[PDB]
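Have a look below at one chain only, the form deposited in one PDB entry, in structure tokens format.
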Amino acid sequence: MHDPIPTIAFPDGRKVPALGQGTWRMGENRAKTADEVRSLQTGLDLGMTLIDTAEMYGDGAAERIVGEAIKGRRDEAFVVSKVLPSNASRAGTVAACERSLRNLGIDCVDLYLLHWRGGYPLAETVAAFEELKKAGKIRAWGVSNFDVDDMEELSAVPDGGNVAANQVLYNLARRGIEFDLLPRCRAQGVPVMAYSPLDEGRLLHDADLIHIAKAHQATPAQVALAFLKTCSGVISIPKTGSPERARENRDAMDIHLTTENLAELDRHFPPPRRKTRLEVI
């Protein structure tokens, strides 16, 4: 009785469901470990096939959780990880990718991202990313927290037009990218991965969200994700953690936001009317 999840195409032609799973802060409580693992399994079985992680998340701890979650079902998952910019030199990126593969317990990531803009020339990192693609260790590369000038700089370097995604902060409370960055990415066929789709929980106290949630017998969290579902070229990345959470996130896709719902959300969560600096968490 659930409706299918819309899918978002990457430049290379692969498709993933528009609702994925994040792992920030997994791996830190040994009491939570079995729950975290199982929420990610649950998520995959519910069709939330993208799993997002990073080397920084507990220094490989989140990667190891993901690695356990996908045992015997590597093919059910689209696995994303990241390189910290302090590691994003030519040799360092390769070394980072290799530790990531070991932690994840797999031969190849689906998508590997530069975590934010750092001090190594973009062209070195892209070269390392392309050497890794050619080696069968990653399927695709992208970036994260890149503003519109960082994207321009990126295009300018060799192979820089191969960027597969930009992961940036986007939710009802943080809509600044609508003004410039989100349209550029869409016009370019580059998906945006919306991290912190519930603003880390800060959103969930908003009265308008709560009101609309009552109108649909839903949670505020679910109404916040149903919003992002109506945004084309966007893949939302809610953190799972608990199997109940995962099912909640999944069912958010069943919500039909009315025409009146969307105008109401815009009134209470106003789209940007001018360029704003990219917000980062």
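All residue numbers are counted from 1 along the displayed sequence.
The same protein has a further form, the form solved in complex with a small molecule, not shown here; the description that follows concerns it.
Undergrad: Give a yes or no on whether each residue among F10, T49 and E76 has a heavy atom within 4.5 Å of the small molecule in the entry with it bound.
TA: Not a single residue of the candidate spot has a heavy atom within 4.5 Å of the small molecule in the entry with it bound.
Undergrad: Which of 173-181, 195-203, 95-103, 132-140 has heavy atoms within 4.5 Å of the small molecule in the entry with it bound?
TA: Of the options given, it is 195-203.
Undergrad: In the entry with it bound, does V37 have a heavy atom within 4.5 Å of the small molecule?
TA: No, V37 stays farther than 4.5 Å from the small molecule in the entry with it bound.
Undergrad: I'd like to know if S144 sits close to the small molecule in the entry with it bound, meaning any non-hydrogen atom pair within 4.5 angstroms.
TA: Looking in the entry with it bound, residue contacts with the small molecule include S144, since a heavy atom lies within 4.5 Å.
Undergrad: Going by a heavy atom distance of 4.5 Å, is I255 a contact of the small molecule in the entry with it bound?
TA: Taking the distances in the entry with it bound, the answer for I255 is no, it never comes within 4.5 Å of the small molecule.
Undergrad: Any of the heavy atoms of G67 lying within 4.5 Å of the small molecule in the entry with it bound?
TA: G67 lies outside the contact set for the small molecule.
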